[PDB]
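Residue numbers (the authors' numbering), protein chains in the order written: chain P, 1 to 14; chain C, 11 to 420, 437 to 514; chain H, 11 to 420, 437 to 514; chain K, 1 to 14.
Taking it in order: structure first as structure tokens, then the write-up.
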Amino acid sequence: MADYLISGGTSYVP
Amino acid sequence: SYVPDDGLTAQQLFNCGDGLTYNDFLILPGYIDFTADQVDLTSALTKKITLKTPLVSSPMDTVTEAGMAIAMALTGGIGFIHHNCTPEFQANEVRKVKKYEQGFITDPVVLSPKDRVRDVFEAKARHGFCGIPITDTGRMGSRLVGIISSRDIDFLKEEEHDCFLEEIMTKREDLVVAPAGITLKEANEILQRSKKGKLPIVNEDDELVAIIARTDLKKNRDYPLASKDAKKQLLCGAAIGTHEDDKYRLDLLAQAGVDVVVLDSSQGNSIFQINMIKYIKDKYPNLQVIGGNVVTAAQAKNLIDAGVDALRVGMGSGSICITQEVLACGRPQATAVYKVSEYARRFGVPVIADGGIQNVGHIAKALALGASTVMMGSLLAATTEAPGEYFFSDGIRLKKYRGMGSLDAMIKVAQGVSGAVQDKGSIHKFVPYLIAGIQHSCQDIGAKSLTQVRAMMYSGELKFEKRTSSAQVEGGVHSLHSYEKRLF
Amino acid sequence: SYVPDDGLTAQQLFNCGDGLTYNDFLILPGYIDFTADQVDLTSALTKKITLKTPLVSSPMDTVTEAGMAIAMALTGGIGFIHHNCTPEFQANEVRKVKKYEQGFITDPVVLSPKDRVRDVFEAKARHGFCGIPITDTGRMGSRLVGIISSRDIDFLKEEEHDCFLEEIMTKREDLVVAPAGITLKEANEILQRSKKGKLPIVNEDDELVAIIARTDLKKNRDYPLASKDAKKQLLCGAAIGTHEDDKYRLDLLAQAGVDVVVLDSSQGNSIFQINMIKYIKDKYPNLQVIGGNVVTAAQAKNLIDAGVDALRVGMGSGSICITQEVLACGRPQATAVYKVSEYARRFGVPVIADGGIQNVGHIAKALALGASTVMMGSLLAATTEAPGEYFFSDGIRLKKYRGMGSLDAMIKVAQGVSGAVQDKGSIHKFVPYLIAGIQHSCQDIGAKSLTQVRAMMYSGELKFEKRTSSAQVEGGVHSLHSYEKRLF
Amino acid sequence: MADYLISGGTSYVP
Ligand SMILES: NC(=O)c1ccc[n+]([C@@H]2O[C@H](COP(=O)([O-])OP(=O)(O)OC[C@H]3O[C@@H](n4cnc5c(N)ncnc54)[C@H](O)[C@@H]3O)[C@@H](O)[C@H]2O)c1
Ligand SMILES: NC(=O)c1ccc[n+]([C@@H]2O[C@H](COP(=O)([O-])OP(=O)(O)OC[C@H]3O[C@@H](n4cnc5c(N)ncnc54)[C@H](O)[C@@H]3O)[C@@H](O)[C@H]2O)c1
Ligand SMILES: Nc1nc2c(ncn2[C@@H]2O[C@H](COP(=O)(O)OP(=O)(O)OP(=O)(O)O)[C@@H](O)[C@H]2O)c(=O)[nH]1
Ligand SMILES: Nc1nc2c(ncn2[C@@H]2O[C@H](COP(=O)(O)OP(=O)(O)OP(=O)(O)O)[C@@H](O)[C@H]2O)c(=O)[nH]1
Ligand SMILES: Nc1ncnc2c1ncn2[C@@H]1O[C@H](COP(=O)(O)OP(=O)(O)OP(=O)(O)O)[C@@H](O)[C@H]1O
Ligand SMILES: Nc1ncnc2c1ncn2[C@@H]1O[C@H](COP(=O)(O)OP(=O)(O)OP(=O)(O)O)[C@@H](O)[C@H]1O
Ligand SMILES: Nc1ncnc2c1ncn2[C@@H]1O[C@H](COP(=O)(O)OP(=O)(O)OP(=O)(O)O)[C@@H](O)[C@H]1O
Ligand SMILES: O=c1[nH]cnc2c1ncn2[C@@H]1O[C@H](COP(=O)(O)O)[C@@H](O)[C@H]1O
Ligand SMILES: O=c1[nH]cnc2c1ncn2[C@@H]1O[C@H](COP(=O)(O)O)[C@@H](O)[C@H]1O
């Protein structure tokens, strides 16, 4: 869909 | 495995402090294990609605209108319709694109049966076509009477006798009309068994609504990536300003049913735009807004906290901008797409790069840096369905192209320039080359999807490299006497 | 009245011996009592066949073949097809222009209903239409059965499965037909009141002898002056050489039915031309020939009494011609078209002018110096109907252009060059601009017909004036930084 | 027509 579709998975990890 | 560390990852590249542009770095290739067509370049525009292709036009008066809207709608993207006009004008053309019925041709003209034939004589050359339906009162909301054609009114020398159209054409006796809500190929079957070149459609109450043309059904190409909504109308957005009277614009637009709006400005971190997001997000909760323009993470934060759903990144890097030459603001936007999208992925917000694009390489380097979709203004200018019309100059076919802050659009200041760019043809022939450009680029990068090429960039296994000026003179065409550069 | 003698008449202006060309002199105006549409420009091509416009095409391999031949004959002009090809090629293209419009279509292509629909596919690939008749035996001399048109085969995926022509055709009885022994006016009134498109012609015994089309009448009202003969086809011409094997080229054109033929040469006054005209006038007495090139009256004499029916003048004076530079022969064009015409009107022989025409004003000056029609080489090339195809170079779209005397068209010498010239669009929107310019020039001169302007020239009424070099660089565009000229 | 259509009328007058 959409929120997955930028990067996917855990997706930030500072 | 081993994977030697030759290259620069993105947080190593864009922390050296230099302002990098698109033709200043490039992407190292990697392992490929799939063929060219089967990479699916599905990208997002906002927090809810997604696209098949990551292209999207820019909202200027000179690039995007209803034709550009329908075209980029059906070829995968969206277009945004400018606000350089009256509100009812923009509402009228967003209503023109929003229905469109995919090839069932829209806005027919109509005559009364009392009407004469010099009017259809002038309207044949005013518009171009010949087949016109007729109702009782000569308007769309009336019971059907019949149809005319140039096979009906050609060779009659009685045109000044106040001709009455009941005594001319075929009313109901040879008439065939399909039942309403009929599909493309089934109605096409009705035409091709009917041996008749024009087909009205009526409801249960005999009201003409829509209409076809026969010659279009010889090349009714299906567009499999068409980007149309839950009620199967095309995704199509618009853009409105920030000055207070645009409330009367956007409520008319929401009456017309616009689903994404863009709040364009030179730089978007105003109280005006933040208060207008606060004005929108309590009145139209299903409507989704595009904020902009932002180049830094600070004005990215100060918009996304308000409730905006996607950022439009990049000021001062237009093809027709002079706001770095005048307002001394902006930043080189290949740094801006990274340092805004790095903040924008924290909150689940897609970002939209605009300007600086003049080839299909730059859109690949843009959306590999974290951009979800790419707004193009000059590269999609000088096409067939761009507004305005062609004029030859120096022997080169071109049509004019002009910026919103350029005072040929508007004491005030100038933030743009007016000019012209040579032609490109219609974009049904042009943007599949752009899709193939993304497709071969993400081929050699080594990712099966744009979502995972951004996932490869933020992870670190996708690695960039700096490029110097004496390497940029070497990257293009060099050491030839005369070259001819044909992209497709 | 008084009418002061301000100016120089033609016989005063061309016996000075100066090598005057078109853009070296110009025409003084006179009295006006009419409009631009009111003047006709029906001119003569040969001693017997006349044209509605004086604009004929050139016989080169890069300006005219059947495409510009039909497209210019539809305008009112005429087309010659170059002899730089195999004779069967020039034969089937001169049939193709002699086709594509008939009235009473004698012996069309027709089939028997036993064959399949896959065959009419390559028949349309060989003819370009699908409005085909069907007879019982198969050939034209057979009993009428039915017809099918372009509107029947839009739903067959099967190429030969259930594709027998018997079960898909309109019956014989519900075909609007007309008996034989009919002329064409009540035939096309039956056709236009049928609203059915085609009209078979039969005898009392249902034997199909002819067929009528409707696109003929579409072209009739779309092209109201289009130079058609007694059998109502487009008149056409063809180029031949002058060697001995060209006798086999000419009779192939003669069975094809060409109406005029031009003797292409670098220098007309040969034994070869007068011998082949003597070879023609006993074999084809109704066929009329064009003989050239001539530039002086002394070689006009021994062509007119040989039997040449119109003269094709001008050597050394083309856009791609260099024979003044290599062979050092010829003369300037305007003093040629004055003196050859002034000799030729003694014997009632029309005269057509070649070369040097760059714009509309050269056509008006050529027609004012006694020429009957005007032949244009580079001004007509690089159009939509020119043969070859477009190609880019530095972004200006253009088309290659190349003469016979250029060695690329062939130890021989070169009398021409091969080059290129930019596009001027299709001619259906271009040569009406030339007709409008000619008739505006005849308006400013003061003659409501080209017969009248040539009578005013030879009578001494229409008088000219010499123009110097500084005066002719004053005539165009000057004294400004930049400009673009749009003509039509 | 062409015998008339070139000049018309007198047509030479030496
Ligand atoms: N690279 C880019 O993306 C870029 C850069 C410059 C300009 N532009 C385009 O050119 C246009 C000009 O930008 P603009 O925002 O300055 O023009 P504008 O008409 O939208 O606003 C004019 C300026 O007045 C102020 N403003 C905003 N709302 C106001 C309000 N209610 N009352 C008083 N002042 C208000 C702002 O400073 C604004 O810049 C824009 O439409 C923009 O799309 C684009
Ligand atoms: N401004 C002009 O109109 C112009 C000027 C120069 C050349 N051209 C073009 O150049 C083309 C070819 O040049 P060309 O006219 O010299 O070709 P051509 O057909 O006349 O033959 C070339 C030479 O053969 C000679 N010739 C004629 N009949 C012959 C025969 N039976 N046997 C042997 N030789 C014979 C001719 O005298 C000529 O010198 C021409 O088709 C013409 O269109 C045009
Ligand atoms: N089927 C057919 N009919 C024609 C064509 N051209 C003209 N007609 C019509 O046939 C009629 C007979 O022609 P004429 O009256 O003898 O001569 P004309 O009217 O000067 O010829 P046009 O200018 O072509 O109309 C014309 O009035 C035309 O209306 C044609 O090409 N095909
Ligand atoms: N249909 C048809 N046209 C012919 C024939 N012979 C010559 N023509 C000429 O070729 C021209 C082109 O034919 P068109 O009628 O335009 O072909 P189309 O567009 O498919 O339309 P229809 O054939 O009438 O269905 C006609 O106008 C005729 O003047 C023939 O046998 N059949
Ligand atoms: N009622 C109509 N309303 C609007 N446009 C029409 C209409 N009918 C035809 N057209 C437009 O004109 C284009 C060409 O369609 P079409 O050629 O079949 O019409 P036509 O009546 O047959 O005119 P013509 O006789 O010139 O062919 C269509 O793609 C369509 O855009
Ligand atoms: N729904 C229809 N209902 C009634 N008559 C029709 C219908 N469709 C076609 N026709 C009739 O048959 C004729 C054929 O229509 P057609 O579309 O072929 O003509 P056109 O619009 O002028 O375009 P063209 O002449 O180029 O074919 C019409 O004049 C009309 O009389
Ligand atoms: N004299 C005629 N009388 C009755 N019906 C005819 C006649 N001529 C053609 N038709 C019928 O009308 C149908 C359509 O033929 P038509 O002449 O209209 O094709 P067309 O419109 O010229 O093709 P296109 O649109 O490519 O120009 C035919 O299949 C045939 O059944
Ligand atoms: O008038 C202007 N002044 C400065 N930038 C503009 C103006 N009008 C449009 N732009 C920007 O230029 C972009 C067009 O991209 P480009 O023309 O391909 O460089 C738009 O998306 C806007 O962000
Ligand atoms: O190859 C050639 N060498 C010299 N003259 C030519 C040649 N081919 C055609 N011509 C002449 O040049 C005319 C066209 O010249 P233009 O109208 O000035 O382009 C033709 O009608 C011919 O008479």
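All C-beta atoms, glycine included, are put in the ideal place defined by N, C-alpha and C.
Beta carbon proximity, residue i to chain H, threshold 8 Å
i              : result
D164 (chain C) : yes
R161 (chain C) : yes
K257 (chain C) : no
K410 (chain C) : no
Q202 (chain C) : yes
Proximal residues of chain H, C-beta to C-beta of residue i below 7 Å
i              : result
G405 (chain C) : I406 and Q448
Amino acids of chain P, ordered along the chain, whose beta-carbon sits closer than 8 Å to that of residue i
i              : result
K57 (chain C)  : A2 and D3
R322 (chain C) : Neighbours of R322 (chain C) on chain P: none; closest Cβ ~16 Å, over 8 Å.
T52 (chain C)  : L5
Residue i burial status per 10 Å Cβ neighbour count (16 or more: buried)
i              : result
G9 (chain K)   : exposed
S452 (chain H) : exposed
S508 (chain H) : exposed
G472 (chain C) : buried
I42 (chain H)  : exposed
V130 (chain C) : buried
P143 (chain C) : buried
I290 (chain C) : buried
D319 (chain C) : buried
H372 (chain C) : buried
Chain C contact for residue i (CB, 8 Å cutoff)
i              : result
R231 (chain H) : yes
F456 (chain H) : no
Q465 (chain H) : no
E169 (chain H) : no
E510 (chain H) : yes
Strand pairing of residue i, partner residues [DSSP]
i              : result
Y400 (chain H) : H:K409
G156 (chain H) : H:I144
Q202 (chain C) : Answer by DSSP bridge pairing: none, since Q202 (chain C) is not bridged.
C331 (chain H) : H:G442
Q448 (chain H) : H:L408
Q298 (chain C) : C:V270
Per-residue contacts from residue i into chain C (C-beta, under 7 Å)
i              : result
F131 (chain H) : Those within 7 Å of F131 (chain H) in chain C number zero; the least Cβ separation is about 15 Å.
Cutoff 8 Å: residue i Cβ touching any chain K Cβ
i              : result
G472 (chain H) : no
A481 (chain H) : yes
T60 (chain H)  : yes
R355 (chain H) : yes
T19 (chain H)  : no
Interface residues of chain P facing residue i [CB-CB closer than 7 Å]
i              : result
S382 (chain C) : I6
Cutoff 8 Å: residue i Cβ touching any chain P Cβ
i              : result
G358 (chain C) : yes
8 Å Cβ cut-off: residues of chain C touching residue i
i              : result
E399 (chain H) : Under the 8 Å cutoff, chain C gives no residues; its nearest Cβ is about 15 Å from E399 (chain H).
Residues that residue i contacts on chain H, provided the C-beta gap is smaller than 8 Å
i              : result
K205 (chain C) : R161 and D162
Contact set between residue i and chain K, taken where Cβ atoms lie within less than 8 Å
i              : result
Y484 (chain H) : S7
Presumed contact (8 Å Cβ cut-off) between residue i and residue j, rounded CB distance
i              : j              : result
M386 (chain C) : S68 (chain C)  : 6 Å
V104 (chain C) : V268 (chain C) : 6 Å
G366 (chain H) : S327 (chain H) : 5 Å
Under 7 Å by beta carbon: chain K residues contacting residue i
i             : result
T63 (chain H) : Correct list: empty, because the minimum Cβ distance to chain K is about 13 Å.
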